[PDB]
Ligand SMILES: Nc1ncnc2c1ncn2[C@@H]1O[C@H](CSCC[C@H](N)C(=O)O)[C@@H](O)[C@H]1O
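The data below hold one chain only, encoded as structure tokens and taken in the form deposited without S-adenosyl-L-homocysteine (SAH).
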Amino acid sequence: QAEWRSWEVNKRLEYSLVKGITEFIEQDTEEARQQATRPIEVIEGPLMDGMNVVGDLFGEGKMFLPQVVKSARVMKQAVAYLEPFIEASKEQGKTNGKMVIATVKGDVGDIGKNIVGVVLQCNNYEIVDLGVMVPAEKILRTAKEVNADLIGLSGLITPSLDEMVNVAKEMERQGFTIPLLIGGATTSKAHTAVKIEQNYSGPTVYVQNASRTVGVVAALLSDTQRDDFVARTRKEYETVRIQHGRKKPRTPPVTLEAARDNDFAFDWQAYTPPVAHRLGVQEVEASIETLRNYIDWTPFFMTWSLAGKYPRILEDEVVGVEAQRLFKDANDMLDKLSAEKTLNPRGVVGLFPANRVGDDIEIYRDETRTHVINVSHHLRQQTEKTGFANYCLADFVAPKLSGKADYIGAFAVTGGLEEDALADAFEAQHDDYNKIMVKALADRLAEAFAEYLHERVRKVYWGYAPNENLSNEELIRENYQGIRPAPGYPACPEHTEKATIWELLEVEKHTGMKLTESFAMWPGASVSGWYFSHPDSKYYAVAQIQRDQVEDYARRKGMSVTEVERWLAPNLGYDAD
């Protein structure tokens, strides 16, 4: 009764490590301890060798992320046993290097940084994760104290880009010398070479994914390829730098007043917006069982680095089988979470009477539309357009002057407040696998709540599409009437606008959701936005706007021209200043 459970205790570890088995991992690492001269030996011995096998099958394309991080669980759960033994010992082993990783200040994204983290650990590297929303002061202070070999920053939203710039400028002022690694959603080879590097004398390198990271950190910590690398990189960032400064034959921008004039052309007198069936703010609720169906799995696989749209991905050649397994692993947790009620999604919805006024939407106390209680600000496209209107989300709402009764909604949902706790429980058991899963699922559940809610709105709450019966795939295709733009996307860049959503719906109190200094939401698995009904509305990108609109927007927002320039950095069609 065994078979594999009968080879050399070292052939067992190295094996269980690859296959990712954890039910003999305790006694297998123990027996290999008593049989070793000193604790640390089991590390560079069976464990080390085993991991290499993973890195190998990884490159050939046999193993994928899911397994790698699943093997990491073994690697870690093993060491976790060798803590006292490896500690109460003499020389306690070496590493390929130590790195301080952190999600920049004001940002809450971390799954990606987690992936990059574990991967680097599966390559015998020390990683001190400083978590999220970490000030550059802490990052550096820590890099100093722990004497890290390099610093790595991660970001998801726009505010983050500037924050990384800060850290660069800081490391430069504090006379740092180690290389600065930058990554995450918003980070791009472009921005990392036109708005960051020129701030730090040390080597600043951008990296697209966890995989390539090991490559970069390799040379960067190599007494050989280091110079050659940085040199090629510096000269490489210079090229992309001048290329993003050739000012190609673009279309001449237009004045703010010129744009507004070419606003959405629509006969409002002949049109009568659908009246809101249920005005006011309500707290909505849906179980995991209710939202699963509304989950869009394609993104989920992307989080585990398995390309291919779902479900076509399941029958894929190269990564089909693993995709199948991950999905199954995923759903089993959802079944658990749904049963035990350990993760409960929450949300608040609200419909209000409104009307358009310029590039803004006026929210009123009641239907008498005599008292403005809030104002949704929006920007407008400022490129010379012909035959097409200079799009603005506000245009899709009947203007005060048209005397037409129009409306606007707002929402805020989450996969559950417990997201953070559930993950911590895993970190505690050195289970990064399930830790990454719960967060990935929390997110899939948040977005699902979003889809579900928007439906319940069109159908019930706002009730303009009662006879709507679209399929999950059609929902993914957005094949319904009306949009639900969310502050952050190109349709509405201004992030600080989520404040108005919090104020209006009283998010904090109905869901427990909050906003941070950088206007980030917590829990991370969170979605908030508006609800337009107009059948001609779309997610038109604001694009590059000019100085005149910034000043004007600044006046309506009651913010400093400098402030809005920070928040709308990515859309500054003029000299960023």
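Residue indices: 1-based, along the sequence shown.
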Quick note on 152 to 160 and 248 to 256: per-entry mean CA temperature factor is higher in 248 to 256
Comparing mean C-alpha B factor in the record for 186 to 194 and 483 to 491, the higher one is 186 to 194
Among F176, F327, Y364, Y81, the highest C-alpha B-factor in the PDB entry belongs to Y81
Per the deposited B-factor column, the C-alpha that peaks among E455, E340, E236, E427 belongs to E236
Tertile call for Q27 (CA temperature factor, within chain, third-based) is the highest
For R38, the third of its chain by CA B-factor is the highest
Temperature factor at the Cα of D49, chain-ranked in thirds, falls in the highest
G512: C-alpha B-factor third of its chain, per the entry, is the middle
Assert third(CA B-factor, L221) within chain per record equals highest
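What comes next is about the form deposited with S-adenosyl-L-homocysteine (SAH) bound, which is not displayed.
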Would S-adenosyl-L-homocysteine (SAH) in the deposited bound form be within 4.5 angstroms of a non-hydrogen atom of every residue among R444, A486 and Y539?
-> yes
- Query: Using 4.5 Å between non-hydrogen atoms, is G403 touching S-adenosyl-L-homocysteine (SAH) in the deposited bound form?
  - Reply: no
Interface membership of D329, S-adenosyl-L-homocysteine (SAH) in the deposited bound form, 4.5 Å heavy atom rule: no
Hey, in the deposited bound form, does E478 get a heavy atom within 4.5 angstroms of S-adenosyl-L-homocysteine (SAH)? yes
* Look up in the deposited bound form whether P299 has a non-hydrogen atom within 4.5 angstroms of S-adenosyl-L-homocysteine (SAH), and give yes or no. => yes
Answer among 420 to 428, 84 to 92, 291 to 299, 395 to 403 for heavy atoms within 4.5 Å of S-adenosyl-L-homocysteine (SAH) in the deposited bound form: the stretch 291 to 299
If we test each of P466, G215, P490, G131 for a heavy atom within 4.5 Å of S-adenosyl-L-homocysteine (SAH) in the deposited bound form, the one that passes is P490
